[PDB]
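A single chain comes next, written as structure tokens; it is the form solved without the partner chain.
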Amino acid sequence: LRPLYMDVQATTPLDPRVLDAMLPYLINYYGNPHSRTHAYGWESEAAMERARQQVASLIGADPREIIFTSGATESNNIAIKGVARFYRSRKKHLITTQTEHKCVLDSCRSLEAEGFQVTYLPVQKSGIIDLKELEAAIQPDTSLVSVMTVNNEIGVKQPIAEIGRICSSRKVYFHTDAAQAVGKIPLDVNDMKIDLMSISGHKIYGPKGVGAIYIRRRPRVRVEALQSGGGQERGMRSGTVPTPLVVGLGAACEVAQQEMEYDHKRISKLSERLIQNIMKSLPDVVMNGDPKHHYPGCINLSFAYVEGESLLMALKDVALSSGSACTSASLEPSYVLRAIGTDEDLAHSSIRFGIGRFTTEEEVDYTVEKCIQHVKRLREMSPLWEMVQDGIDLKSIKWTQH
């Protein structure tokens, strides 16, 4: 028997409507979209244009502003590196957040190796950047600002509209990573003053290996192409545009546009149910991230005096994720939890719960029950629990580390 999937932040199941839209292009309409002389190319091109319009309609943009990529990693790379390289002559400074995704960070690391100066903005305990630091960090040679729309580990929403207003008022390009936000919360590039936006297909129940980047044309923001070739996608992403993948991404964007309100209500209700049930049973459980600016789909909880790898192993019937270092290949703890000021004792106990379009009340109740039972068992197995129950707080009692 297969476990229950509560790991929507890592990837999503393919929506059946998306696969239904894809399948004609995986069997019959297999022509190259860049073929100009026969009907296979024309029909592939028409499907590509329809998908582009669907994505643009979801994010409220012009179709010409949408460029198809292989994923949000490629989109983030294109945004960061292309904007940095195009305006290198005058602007040599980048601003981003310490809690951004690994792609954005590593791109900033590469640009620093290429001679750029990158400012990594700190976050408060809530996980939200303070706008005063952003204003004070902007220099005359700042080209790009990158702030996550919805965090993928703790689910904290950033003030995208205010950041965009600040960036537009200072003549600084603003890029937002909307991989966890597209199709789940309302997004409009015009009202939020977004210049660049990254979209991931498999975070919105679409195909894997496909993505979109939004590039504003009024006012025009320019990027230097990172992939060289025939000049497809207006010269910013060369290579053949995969018709089934972009068709699926467009179908997923259309389904999200049709179902966002219903999905948000259901997911909010389920998230409140999960959080309240866990809090009312297990003591010493806290949620990482500010609940007032939190997307309900991504719930990060830290279970005190229990380690997260052991809890993950206990809940073998539920597919979950943790920021503990015991779950990392390099034994690297979550840097997002470090940035939000979680003490070393409590981020080894984080568990990320994911609720999405296909999560049932049946699953949430089972996950809550098993989590309560196994957290109680592991606490009965833990020495820190005895120290706390005996009244000797862990800050005043020590043991020989190493």
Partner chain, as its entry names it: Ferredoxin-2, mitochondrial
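Residue numbers count along the first chain shown, from 1.
The discussion below concerns the form solved in complex with the partner chain, not included here.
Using the partner position in the entry with it bound, report whether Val285 sits within 4.5 Å of the partner chain, counting heavy atoms only. No, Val285 stays farther than 4.5 Å from the partner chain in the entry with it bound.
So in the entry with it bound, does any heavy atom of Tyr87 sit within 4.5 Å of the partner chain? Within the cut-off, so yes.
Residue-level question: is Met236 within 4.5 Å of the partner chain in the entry with it bound, judged on heavy atoms? Looking in the entry with it bound, residue contacts with the partner chain include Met236, since a heavy atom lies within 4.5 Å.
Quick one: does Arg220 come within 4.5 Å of the partner chain in the entry with it bound, counting heavy atoms only? Yes, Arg220 is a contact residue.
Interface stretch in the entry with it bound with the partner chain - options 154-162, 222-230, 175-183, 129-137, non-hydrogen atom within 4.5 Å: Going through the listed ranges, the match is 222-230.
The partner chain in the entry with it bound - contacting residues of 141-172, heavy atom within 4.5 Å: Heavy-atom contacts within 4.5 Å come from no residue here.
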